[PDB]
Amino acid sequence: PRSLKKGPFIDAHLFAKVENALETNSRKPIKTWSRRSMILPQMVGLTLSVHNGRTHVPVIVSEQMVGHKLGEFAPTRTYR
Amino acid sequence: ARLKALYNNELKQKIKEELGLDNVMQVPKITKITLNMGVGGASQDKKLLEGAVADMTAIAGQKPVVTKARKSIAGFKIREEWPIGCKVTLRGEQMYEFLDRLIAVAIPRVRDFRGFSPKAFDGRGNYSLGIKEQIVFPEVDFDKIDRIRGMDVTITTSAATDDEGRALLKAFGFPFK
Amino acid sequence: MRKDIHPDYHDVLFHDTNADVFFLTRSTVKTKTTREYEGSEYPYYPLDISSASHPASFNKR
Amino acid sequence: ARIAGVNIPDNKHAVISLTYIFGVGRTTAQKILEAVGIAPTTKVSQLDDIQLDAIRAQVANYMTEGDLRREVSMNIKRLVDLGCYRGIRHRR
RNA sequence: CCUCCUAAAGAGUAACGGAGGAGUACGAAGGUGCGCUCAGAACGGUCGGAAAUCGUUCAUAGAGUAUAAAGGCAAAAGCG
RNA sequence: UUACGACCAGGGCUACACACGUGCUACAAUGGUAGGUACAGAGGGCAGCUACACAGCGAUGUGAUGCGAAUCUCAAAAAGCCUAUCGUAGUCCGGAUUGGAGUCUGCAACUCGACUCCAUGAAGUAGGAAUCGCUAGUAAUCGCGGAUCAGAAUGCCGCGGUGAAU
């Protein structure tokens, strides 16, 4: 996972996109490639478009998805 | 039976006041309690039925009766008049004692018991519950046991309505919800 | 009740020792010991449980 | 004996018999016996009723099978219904 | 040899006419006294479901009647 | 030859109806577990190893000391021996898989890290046809180092312990 002493990890470039989205209270899906950023309750409610290697699949963030990484809901491989 | 002597003094009038009934013959009462055991896998071994009858005898305190197949069904590999279950019916003192024992001692011994469904009445005040393991009754001992069996406990009451049946059951202290 | 076809049915003193509550009730059980209630000495049966004893994260870290 | 709603073996030692409870391993059983005050080398069969109920009260803290299975199944459900990667492998 | 139809509302009535059965069974499946009521559907209920056993409510018979069919069958001729 | 060359982010090389090749861990009593009590070699250490003290169940964290090392350290060797217990059970065997909570390394551990703790406890009770290595400090078994390496060995390369049968 990570170390609690280090603190939550969120990419600065996406954190800026949510500080320019929760003040505005827009519903525009923020298009992002950083799957390595953990969903915090700060942007709970809005929509992101996470790159899964091929496309920017939409992930509407919910209340019980905080603490997870953005990539957990953007599978990259297709079984069948 | 202490539960009969308690229902004849407190529970009857409490049920009347609760349901708002204008006649003492309207308040529900339990008429009988029937314990059943489908041993459909019998008539191939006929020792499972022996153990089921012994378990019913010890649980109820009353010699049960072997129930035969009313029809012939190939899917269950049963032919007419084949012993495929066990049943006992308790009335009056025996049923009041059994239900007191079941509510006090045995019903907390059900593994992972949160409650009993309140929508399990058939729609005429009678209740039915399933016991998945017959070891919750202290009468049967864990040392000597054939296997783990189950049992139906059907509580047939004089209530004509769903709500009256559950009010009567809850007046006894039945664990609901 | 037909005669001598039913099992022995005698009063038993069940006792929830956690809350220390007694339940006097006829039963088919044959207890090893016998403890006296306010009346006679009934076959005593201890009980582990009875009807008297049975019953964001991101911000924190 | 009968602890936590299950029939733990009687001829075993206490610290081994208590592991038969779904939710109690061997270190949790050791910690339970430390608090209760019974030697882990004593058979469950020769255990007094007062200390049997003390062990029951001590067990009532840890999330045993009745609550544990519910909580674990709902934990798995929280991922299965969420559609995340871990849940997508959980369902298959 | 038996049952239905042909067969024309008494009986009977033919065809290489249209359809099916019999050449047994049972010492109880006979006699009597006593007692009972079926099939299905819905609802509730451990394994247990479409359907086993249990409980409830509808239910002149939609069952059963050793067997083919017809006619009968509650005083049951059905079931103990 | 404004691309089959070049740069960057994300993903993949880690997917699994399956099959095979090399292994590791087991299926236990010649053993598991809990206490004590011994006996090595070789190699590494500033791109670091850490005495000791404290905190923590633990991985580890903080302070601090010695050492470019025959000086200080990794580091305790394990199998072994004594006592207790388990008493043949899918178990006090086995430790996969899963749930939860953490520690480190690293910009970053979702895809896709390694360890720690608690819970779970899967197959597995000796393996068909077939087939492999080994002639002595060998096989068998037991631990310990190193290269690569920020982190990531059950592989590779070595070291010693016990130690056969024919």
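Letters go in sequence order (proteins before strands), and every chain restarts at 1. Basis for what follows: all heavy atoms, side chains included, without hydrogens, waters or symmetry-related copies.
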When rounded to the nearest 0.5 Å, the distance separating CG of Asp48(C) from CG of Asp49(D) is 10.0 Å
With only heavy atoms counted, which part of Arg2(D) is less than 4.5 Å from chain C, the side chain, the backbone, both or neither? both
Mind checking the CD1-CG spacing from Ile49(C) to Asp53(D)? Nearest 0.5 Å is all I need. 10.0 Å
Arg56(D) vs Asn18(C) side-chain heavy atoms within contact, under 4.5 Å: no
